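Undergrad: Sending over a structure as C-alpha cells; questions will come in a sec.
Protein chains: 2
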Amino acid sequence: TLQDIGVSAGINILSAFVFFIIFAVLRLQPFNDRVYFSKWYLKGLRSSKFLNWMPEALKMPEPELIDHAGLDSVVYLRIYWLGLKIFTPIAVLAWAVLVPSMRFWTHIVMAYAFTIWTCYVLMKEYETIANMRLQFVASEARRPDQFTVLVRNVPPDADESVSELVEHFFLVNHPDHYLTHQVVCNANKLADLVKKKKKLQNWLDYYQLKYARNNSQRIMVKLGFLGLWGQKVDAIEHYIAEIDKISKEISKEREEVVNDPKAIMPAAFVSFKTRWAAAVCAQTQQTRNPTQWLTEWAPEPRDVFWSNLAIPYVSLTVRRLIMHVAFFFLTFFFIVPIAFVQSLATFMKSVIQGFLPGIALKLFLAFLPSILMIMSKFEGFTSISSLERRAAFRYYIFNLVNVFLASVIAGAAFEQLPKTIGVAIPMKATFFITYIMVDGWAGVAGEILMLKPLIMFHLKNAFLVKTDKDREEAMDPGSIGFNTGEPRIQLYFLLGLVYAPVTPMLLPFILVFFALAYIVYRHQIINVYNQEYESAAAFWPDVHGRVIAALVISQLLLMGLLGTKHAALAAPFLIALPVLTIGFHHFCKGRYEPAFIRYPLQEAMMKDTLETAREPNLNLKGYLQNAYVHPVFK
Amino acid sequence: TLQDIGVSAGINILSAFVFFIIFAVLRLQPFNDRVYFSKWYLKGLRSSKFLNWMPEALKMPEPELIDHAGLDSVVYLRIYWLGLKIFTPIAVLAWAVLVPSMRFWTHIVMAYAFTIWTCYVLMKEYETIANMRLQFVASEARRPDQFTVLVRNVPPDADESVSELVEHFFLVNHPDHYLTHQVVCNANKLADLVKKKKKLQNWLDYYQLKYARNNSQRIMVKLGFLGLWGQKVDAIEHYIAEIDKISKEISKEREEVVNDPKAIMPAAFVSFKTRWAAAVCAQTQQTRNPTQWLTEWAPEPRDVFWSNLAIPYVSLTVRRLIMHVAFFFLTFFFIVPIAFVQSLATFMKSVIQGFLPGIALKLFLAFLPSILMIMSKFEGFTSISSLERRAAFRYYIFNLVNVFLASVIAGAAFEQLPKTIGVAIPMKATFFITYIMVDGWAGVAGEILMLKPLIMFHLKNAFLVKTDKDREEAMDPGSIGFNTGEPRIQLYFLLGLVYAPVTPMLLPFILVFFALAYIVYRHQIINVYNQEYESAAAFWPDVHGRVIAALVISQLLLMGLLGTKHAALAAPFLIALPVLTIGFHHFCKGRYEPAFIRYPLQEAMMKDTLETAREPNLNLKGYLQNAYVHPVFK
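In the order they appear, the protein sequences are chains A and B.
Going letter by letter, the first sequence gives residues 3 to 50, 71 to 122, 156 to 401, 420 to 490, 502 to 718 in the authors' numbering.
Going letter by letter, the second sequence gives residues 3 to 50, 71 to 122, 156 to 401, 420 to 490, 502 to 718 in the authors' numbering.
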C-alpha cells in the first residue's frame, strides 16, 4: 500500500506546512509576543524569507545556548542529533543493501554492522556528554544545593528533638565542616489551604469582572446543573465570606504549625562549609544501618517537591509495590483502545480510514504523561527532576509493552480473525508508518503552534486578568517536558532498530522526524521553555540504558524472526551478539557513568579553592541557613 | 542398589574409624606434638575416653574461639552450622513426606517450603554475621591497614617523580589528614634471587648432613638420570661457589634497585592520621577518570602479595580475558577424566568397582586448588585474601559445570550407550552418594590425620634440619584453606537442594558430613591452622551469593524435571518462585551487605575517638611510615 502511505504522507505534510504558515502569521502579531517569545521575559531581555526562524534557530552555538537555556535543555536537544548520527548510515547502508542462503548471512552481517555502529555512536556521545557535564559543573555559579545534603529517616529519640539530634550527630561526625541545618516541616495542610485561597480569589476576580461587564447575579453553585444544593445568588459576598474564613483558617494553621512538635518530620537539610565536605558526606554510608541517616544530594530550593517530604521512609517500599501493581493494571487494561485502533487498521474512504488509527491512538495517549506524573507523585521522590525521570522510565516501559508489542500481537490476532511473530511483524510496517507520520511530523508541527498556552493566555487576559503586571506570571510555558519528550524518541529508536534489518521502508520517516523535531525544539528552547529544575544533565545514563535495551530487543526480535527459514542455525551468532552488547554497556558504564553518578573530590576541592580565592568575604552561613525553609514560610 | 550403597558406606565408616584411631595413637606421641598442636607455638602457649578430643572441641565458646583463632576461621566454621540449620528440617520434612496429580501439587508446595526455609535461615545467619563483623572491627586492635589506602594507576608525569606526585596530590586534596606515603618497588627479581638463595642453601645443608652421615661424593647434576650435563662430584664446594656468586648478585641487585627510578612503579601506600580520614579516602572517587587515582583499602603488611604489585593497571583486563579463556579450556578439556569416572560407574568385585569412581574422581581433583591458585596468581589481585576468594569462586564454577552437570550428562549419554535430563538426573543418586561418601566422610577423616605436613616434618627433621630453633619454622600448617574448603560445601549444598525434592535418599549423608566436618574443623581451628591473613569475614557476601545461585539452580532443575508428566502446567509457579528468590537476594543485599562492603564513618570516628582518649601519646607517624616497605627491604 505504498500509494496509501504516500497519500497519508502528503496529507500530513500539507497539514504541517499549514501549521507552519499559521505559526508564522501569529508570530508577527504584537499581542502574542509574550507567548511566542516567553523567554527573554523570565530572563528580562525583551519587552513590549517568511520561514527565517528555521535558519535563525541554527545560530547561537552550543556554549551560548547552554548559558542561555540550560545544560539539561542542550543535552536533551542533542538526543535528536544522536538519533540522526546513529540512523543516517543505517538508512543509507540498509536501504542500498536491501533495495535495488546468501541473503541469510547478508542479514546476519548487516545486523552486526547495525549494532557495532550504534554502540560506537553511543560511546562517543556518552563521552562528550560526560565532558560537558564535568566542565559545566566546574563552571557553575554558587547554589545552595552544592553545599547541602538531604538527611532522611533520622532515628527517633525519646526526649531529644530532631533538630538537636541532627546538630549533635553532625558536630560529632563532621567537625570543622558542618555549618547549619534545617528540618523539614509537615506543612501540607497549610500549602493546600494557600492554594485553595488562590483559586477562590481567582474565582472572585472572575465574578467581579463579570459584574463589571454586566450587572447581574448568578445563582449557580459552581456547576449550574448538578452542583451543590445552593444558590449563592450574587456569589461575590459569598466568595468574600469564605475567603475571609479561610484567611482566619490559614492564620490559625500558621500558629500551630510554627510550634507543633508533631509537625517536625524526621528529615533535615544539612549544609556544610565546603563542597568537598558536602561531597564527602553525600557519598559515604553514615552509620550502622543502611536504613538510617541516609544522605543524598539535596536538590535546589526551587526543585524540591515539598509535598513528598512528609512521607515517612517506612512506607516507600509499600508505595513502590502498590504503584507497580497499578502500572500493571493500567498497561493490561489499556490493550482495549489499542485493540480498537489496530482493528481500525483493517478510495478516499479507505485511505483516510487507514489514516484514522494514528489519530485515534495518539488521542488515546494524550493524558497519559499526566497520569504517569500523578502516580509518580503519589510515589515519594521529593524532587521534580527525579519525578520526571521516573515518569519517563515508566512511560517508556508503557510504550514498549503496548504501542509496539500489543500492536503487533493484536494485528496478528486480527489477521488470523504457535508463535508466528516473525512473519506477523513485517506487514505492520504500514500501521507503524502511519503512526510515525502522525505522532511525528504532525505532532511536532502542532507543537510549534503553542496552541494550548496561547488559548490559555488569551482566555486569562479576557476573563481573569483584573490588573496589570500579572501577564508575566500568566505566561509560563513550563519546562521542555522531558517525561513526554524523550520516551517518544525512545519508541522511534525501537521502531527504527527493529524494522531496519527486515523492512527498510520505515527509516526515512524517522530521519525526517529527527531533523524536523531537532529544528523545532531548538527554536523552542531558544525562545520559550523556561527550565523549572537545573540538573546537570543527570538523565543521560537513563537515556543510554534505554537505547541499549532497545538495541537488545531489536537483536532478539531479529533472532526470532529469522526462524522462518527452516533450520536457520543463526543461533551461534544471534545469541553471541546480545551478550556482547550487554558487555559493552557494562564497560561504558564502568568507564564513564561515574562522572554522572559520583562527584570527584578533586573537583570539589578545586572549585572550593577557586571560590575562596576570588570571594574572600563570603557570608556562607547567612547565605545557606535562610534557604530550604518552605515556600509558604517566606 | 541400596545394599551396594550400604556396603560402600560401611567400608568408608570403617576407614574413617581407623583414621580416627591412628590419629588418636599419634596424638599421644611426644615428638609429633608440634605438628598435631602447631598452634599455641606460633601463639606461644605450649612447649616441649580415647576420643575425648571430640567433646574437647565443643568447649571454649564463640568469643574465646574468635580471639584465639580469628573471625575468618570462626565464620568459615559457622558455614557448617548454616548447612546443618538449613538441611535438618529439609531432611525431616522431605523424608517423611516422600517416604512411608496430588503428588504433583505436593512437590510444588514442598519446593516452596524448601526455598522459603532456606531463605529465612540465610537471612538470619547473614544478619548475625554482619553484627559479628561490625563488633569485631570496632573492637580490633590497631593495625597499619586501618589507616592506609592503596593508590593505584597514578598518571605519569614528564619531569615529576611518583613520590612527589602522590605527596602533592594528597596534601592538596586531603589537608590536615594526610600523614605519609610509601611507593611500591619492583623488586621481583631481588625476591626471586633471595628465594633461590634459600633453596640452594637448603640443598647445601642437605649435602653437608649427607657427608656427615657418610663420607662420599655424588656426581649427579640435580637429577642423576637426565639432569644437567655435568657432575659436581662433591657438590659441596659447588654449592658454596654459586651461593657466593648469587650473594654478589643479590648485593648488586640491592644496589641498583634502591636507586633505579625505573623500578618506581606507579602505585603507593598512603597512610592518613585517622581511620575516619582513611574511610573518606577509600570510599569516594578521587578525580576526573574512574581509571586514575584509584583508592582501595590497603591490606595488611603480611597480606599484600608483593609479587603482583608490579603489574601495570593497563594489562589487568587483558589478563582477565586470557584467564577466562584458559578457564574455559580447562573446564572443557577436563570432561575426559569425568567421562572416565562416570564410565567406571557402569559381588565383591562389582561393589568395589562401583566404589572406585569416587576415589578416581577425587584423585583427579587433588591438584586443582593449586592449579586455580596459580592461574589466579597469574591474574593480578595483590592480596592473599582476594586471591583465595577469586580461586574459590572459580573452583565453585568448575564444580557446578563439571562435577555435577557433566556427571549427569555423561551418565545419560552412557545409559543411552532431545532433553531427557528430568529422568536422567534421579538415578545418578547412587553415584552422587558414593562421591559424597568418599569426598565427605573419608576426606575429612583423612584431613584430621594431618598426614602430609606430618611426613614433611619428619622428613625435614631427619634430612634437612642441621641446627635447632628451626623446628618452629619447620612447622607451618597454613591457613584453614578457604579456597579448597568452602566450594566443597557449596557443591554439597547444590546436591542436597537439587536432589531433596526428587530423591530424598541423599540428604542424611550430607547431614553426617556436615556434623563430622564441623567437629573436625572446629578442633583443627582450635589447635592448628595459623591464619595467614586477617580479613573481617569479608567473604560472607560471596558465600551467600553462591547459596542463592545454588537455590535458583535447584529450582530451575526441578521445573525442568517435572516436565515428564505431560502438560505439567507448573510453569506459573516454578517461574514465579525463582524471581521471588532473586528479589529476596536483592533485598538482603541492600539491607545488610553494606556492613561488609562499606565502612561507616560514624564507627570510624568513634573508634578514632576512643583510641585518642586511651592513648594520647601515640607516635602514629613513626608507627606507619616504616611499614609497607617490602619483606626484602627489612
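A virtual CB, placed ideally from N, CA and C, is assigned to each residue, including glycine.
1) Taking 9 Å as the cut-off, decide whether the C-beta atoms of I457/A and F360/A are in contact.
2) Please return the same chain residues whose Cβ sits closer than 7 Å to the Cβ of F487/A, not counting the five positions on each side in sequence.
3) Are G427/A and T401/A close, meaning C-beta to C-beta below 9 Å?
4) Just the C-alpha distance for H162/A and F516/A, rounded to the nearest angstrom, thanks.
5) Between the Cα of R48/A and those of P32/A, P77/A, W75/A, spot the shortest distance and give me the residue it belongs to.
6) Alpha carbon to alpha carbon, how far is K300/B from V312/B?
7) So is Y676/A in contact with chain B if we call contact Cβ pairs under 9 Å?
8) If you follow the alpha helix (DSSP H) that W160/A is part of, which residue opens it and which one closes it?
9) In the stretch 177-210 of chain A, which residues sit with their C-beta less than 8 Å from some C-beta in chain B, listed in chain order?
10) In whole angstroms, what is the alpha-carbon distance linking residue 135/A and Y181/A?
11) Cβ of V221/A less than 9 Å from any chain B Cβ?
12) Using only the alpha-carbon positions, how far apart do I539/B and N472/B sit?
13) Determine whether the Cβ of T346/A lies closer than 9 Å to any Cβ atom of chain B.
14) Which partner residues of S326/B appear in the DSSP bridge assignment?
15) Would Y519/B and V474/B qualify as a contact pair, given that the criterion is a beta-carbon distance under 9 Å?
16) Using a C-beta to C-beta distance shorter than 7 Å, which residues of chain B count as neighbours of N228/A?
17) Mind checking if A91/B is an interface residue toward chain A, Cβ cutoff 9 Å exclusive?
18) In chain B, which residues lie with their C-beta within 7 Å of the C-beta of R682/A?
19) Assess contact between the stretch 614-628 of chain B and the stretch 445-462 of chain B, defined as three or more Cβ pairs (one per stretch) separated by less than 8 Å. Is contact present?
20) Whose Cβ in chain A lies nearer than 8 Å to the Cβ of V335/B?
21) Use the C-beta contact count for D94/B: other C-beta atoms within 10 angstroms, 16 or more gives buried, fewer gives exposed.
22) Going by beta carbon distance, what residues of the same chain come within less than 6 Å of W348/A, once the five residues before and after it are set aside?
23) Please work out which residues of its chain come closer than 7 Å, Cβ to Cβ, to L640/B, disregarding the five sequence neighbours upstream and downstream, and give them in chain order.
24) Residues in the same chain with beta-carbon distance under 6 Å from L189/B, minus the five sequence neighbours each way, listed in chain order, please.
25) Could you say which of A697/B, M511/B, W525/B, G629/B lies nearest to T3/B if we only look at CA atoms?
26) Quick check: the Cα distance between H379/A and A652/B, rounded to an integer number of angstroms?
27) Would you please state the rounded distance, in angstroms, between the beta carbons of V582/A and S480/A? I believe it to be under 8 Å.
28) Starting from the C-beta of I603/A, find all residues in its chain whose C-beta is less than 7 Å away, skip the five residues before and the five after it, and write them out in chain order.
29) Relative to the alpha-carbon of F22/B, which residue among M534/B, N545/B, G580/B has its alpha-carbon at the smallest distance?
30) Measure from the C-beta of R330/A to each C-beta in chain B and report whether the shortest distance is under 9 Å.
31) Find out if the Cβ-Cβ distance for the pair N270/A, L548/A is shorter than 9 Å.
32) Using the beta-carbon count (16 or more within 10 Å), is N710/B buried or exposed?
33) Using a Cβ-Cβ cutoff of less than 6 Å, which residues in the same chain neighbour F437/B once the five nearest sequence positions on both sides are dropped?
34) For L226/A, which of helix, strand or coil comes out of DSSP?
35) Assuming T173/A contacts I108/A under a Cβ cut-off of 8 Å, what Cβ separation, rounded to an integer in Å, is found between them?
36) On the three-state DSSP scale, how would you describe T386/A?
TA: So, from the listed chains and residues:
1) Less than 9 Å divides the Cβ of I457/A from the Cβ of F360/A.
2) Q397, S398
3) yes
4) For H162/A and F516/A, the distance between alpha carbons rounds to 22 Å.
5) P32/A
6) 18 Å
7) yes
8) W160/A: member of the alpha helix (DSSP H) spanning 157-194, first to last residue.
9) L189
10) The residue list of chain A ends a segment at 122 and starts the next at 156, so residue 135/A has no coordinates to report.
11) By this cut-off, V221/A is not an interface position.
12) Roughly 30 Å between the two C-alpha positions.
13) yes
14) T203/B, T235/B
15) no
16) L685, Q686, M689
17) no
18) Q340
19) yes
20) Ordered by position in chain A, the residues that pass the 8 Å Cβ test against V335/B are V335, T339.
21) The residue is buried, with at least 16 neighbouring Cβ atoms inside 10 Å.
22) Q341, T342
23) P662
24) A679
25) Out of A697/B, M511/B, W525/B, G629/B, the CA that lies nearest to the CA of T3/B is found in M511/B.
26) If you draw a straight line from the Cα of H379/A to the Cα of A652/B, it is about 30 Å long.
27) Contact flag wrong, Cβ pair sits at about 12 Å.
28) So the list reads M76, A79, once near-sequence residues are dropped.
29) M534/B
30) no
31) It is not a contact, given that the beta carbons lie outside the stated cut-off.
32) exposed
33) Short of 6 Å from the beta carbon of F437/B, and not among the five residues preceding or following it, lie these beta carbons of its own chain, in chain order: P392.
34) helix
35) 5 Å
36) Assignment of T386/A by DSSP, reduced to helix, strand and coil, places it in the helix class.
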